[PDB]
Amino acid sequence: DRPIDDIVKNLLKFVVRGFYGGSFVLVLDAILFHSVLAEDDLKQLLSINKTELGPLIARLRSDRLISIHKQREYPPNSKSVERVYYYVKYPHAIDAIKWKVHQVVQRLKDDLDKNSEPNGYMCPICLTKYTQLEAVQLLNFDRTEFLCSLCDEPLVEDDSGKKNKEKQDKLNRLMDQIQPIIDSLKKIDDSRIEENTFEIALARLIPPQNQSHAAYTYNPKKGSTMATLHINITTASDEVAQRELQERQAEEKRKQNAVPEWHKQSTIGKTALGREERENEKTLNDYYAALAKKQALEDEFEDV
Amino acid sequence: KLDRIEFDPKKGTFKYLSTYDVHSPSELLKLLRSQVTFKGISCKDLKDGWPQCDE
Amino acid sequence: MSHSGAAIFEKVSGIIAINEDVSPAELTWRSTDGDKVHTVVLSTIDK
Ligand SMILES: [Zn+2]
């Protein structure tokens, strides 16, 4: 259908295949394939456990990847269990993905910043950090070793700071792998994204199984403030008939707009009111033939 | 007459037939491609007929 | 898009598709689980 829909489906598939485990990929692909799905639909399609889908749904809700709808309907058996519908909010999902990747790269940039300073000094007996600014006042008079205030122990140099190139390589290995995400959001930001909801996702649903316990039809509630073409073919003979009709409405219109007899004529002179060629043409055709031989569940209805 | 066993009239050979008649990985990809739903393919009947499916 | 859609026929889920390019056009209902496939010929439609 919409190429942008295929693009954002590729976004969701790639981010769940990259930053999430296989079962997350399974549930996200199930929601991407069948647009609206309930818990029994997932348990039927994937044969998944409730305790198995627990952390999956919790993580995908915390990352705003799957939207939950708390609508209950009225089945014929009236056992209206509170079924939850799992669908996707495409603008919310792409905003969450963009925010997460931006926060990851910003946190990595901050980690690179905090790794950019010199090493510092560690006390392993007390396991205490010491920066270069606060270790100035702990030296001895011998001018040999950094002595701790508590342990009075020879301090050792941190291995941090020398891992600056390692964090830079981590940034390089993150950035080229996330390049399809950036390239796809370049096309997304240059396009228009419609705000979908449960009702919008109902327009593009795929049936998960034959018999679904949860009804997909939306039930509104009061108090919730949360044409035809017809042609006429005439074989050049009935035109006189349509002109006969036209003059017949013409003459009845002139009759209904005519003056009455008592108006155009004076009524005072009358009393006061009170209480065969077929054989010929056959012989003709015979003569021409001889000549040519010679020279040669029920609801209410309307009709739409 | 049973559909579980297929008989070849040109060769006189009886072979085992399964519900998921897959004997090659290409046939497995064709079976997954033919799925209209996202239902998983059970490996219980995949052992039936075609002897090995794990590797 | 308009010619294809999810449907429930005889309390059975399926897909309605319009086989319009064939003459005459048909309305094909396809079972989701593959149980039964039914085509309606559109030459005998009254209402
Ligand atoms: Zn110490």
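Overview of values
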quantity: Among the candidates A:219, A:210, A:196, residue that is closer than 30 Å to residue C:36 by Cα and assigned to a loop (DSSP other than H, G, I, E, B); calculated: A:210
quantity: From C:31, C:23, C:43, residue being out of contact with any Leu (no Cβ under 8 Å at 6 or more places or on another chain), of a type in the set (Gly, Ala, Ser) and surrounded by 12 or more Cβ atoms within 10 Å (Cβ to Cβ); calculated: C:31
quantity: Test result for residue A:160, away from the ligand (no atom under 16 Å from the Cβ) and more than 14 Å from every other protein chain (Cβ to nearest Cβ); calculated: yes
quantity: Residue match in segment A:62-69 (condition: of a type in the set (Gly, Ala, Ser) and within 14 Å of another protein chain (Cβ to nearest Cβ)); calculated: no
quantity: Within segment A:214-231, considering residues that are touching an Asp or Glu at 6+ places or on another chain (Cβ under 9 Å) and more than 12 Å from chain C (Cβ to nearest Cβ), the one surrounded by the most Cβ atoms within 10 Å (Cβ to Cβ); calculated: A:214
quantity: Check on residue B:6, more than 14 Å from every other protein chain (Cβ to nearest Cβ), farther than 18 Å from residue C:35 by Cα, outside any loop (DSSP other than H, G, I, E, B) and under 9 Å from the mean Cα position of the chain (by Cα); calculated: no
quantity: Top-ranked residue of segment A:115-157 - restricted to ones that are away from the ligand (no atom under 16 Å from the Cβ), loosely packed, with under 11 Cβ neighbours inside 10 Å and not hydroxyl-bearing (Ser, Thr, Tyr), ranked as nearest to residue A:169 (Cα to Cα); calculated: A:133
quantity: Test for residue A:42: is it more than 18 Å from the chain's Cα centre (by Cα), buried (at least 19 other Cβ atoms within 10 Å of the Cβ) and part of a helix (DSSP H, G or I); calculated: yes
quantity: Residue match in segment A:150-163 (condition: of a type in the set (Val, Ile, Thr) and touching a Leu at 6+ places or on another chain (Cβ under 7 Å)); calculated: no
quantity: Unmet requirement for residue A:102, which otherwise passes all of (1) touching a strand residue (DSSP E or B) at 6+ places or on another chain (Cβ under 9 Å); (2) of a type outside the set (D, E, K, R); (3) closer than 27 Å to residue A:11 by Cα; calculated: (1)
quantity: Any hit, segment A:84-97, residues being more than 16 Å from the ligand (Cβ to nearest atom), within 20 Å of residue A:36 (Cα to Cα), among the small types (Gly, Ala, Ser) and not in a helix (DSSP H, G or I); calculated: no
quantity: Residue satisfying all of: in segment C:1-34; more than 14 Å from chain A (Cβ to nearest Cβ) and out of contact with any helix residue (DSSP H, G or I) (no Cβ under 8 Å at 6 or more places or on another chain); nearest to residue B:36 (Cα to Cα) among these; calculated: C:28
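Yes or no, residue by residue, for (1) farther than 30 Å from residue A:34 by Cα; (2) charged (D, E, K, R); (3) surrounded by 11 or more Cβ atoms within 10 Å (Cβ to Cβ); (4) touching a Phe, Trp or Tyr at 6+ places or on another chain (Cβ under 9 Å):
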| position | (1), (2), (3), (4) |
| --- | --- |
| B:10 | yes, yes, no, no |
| B:17 | yes, no, yes, no |
| B:20 | no, no, yes, yes |
| B:26 | no, no, no, no |
| B:42 | no, no, yes, yes |
| B:46 | no, no, yes, yes |
| B:49 | yes, no, yes, yes |
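Laboratory data are not the source of any read-out in this text; all were calculated from the coordinates shown. Cβ: placed from backbone, ideal geometry, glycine included. Neighbour counts: every protein chain shown.
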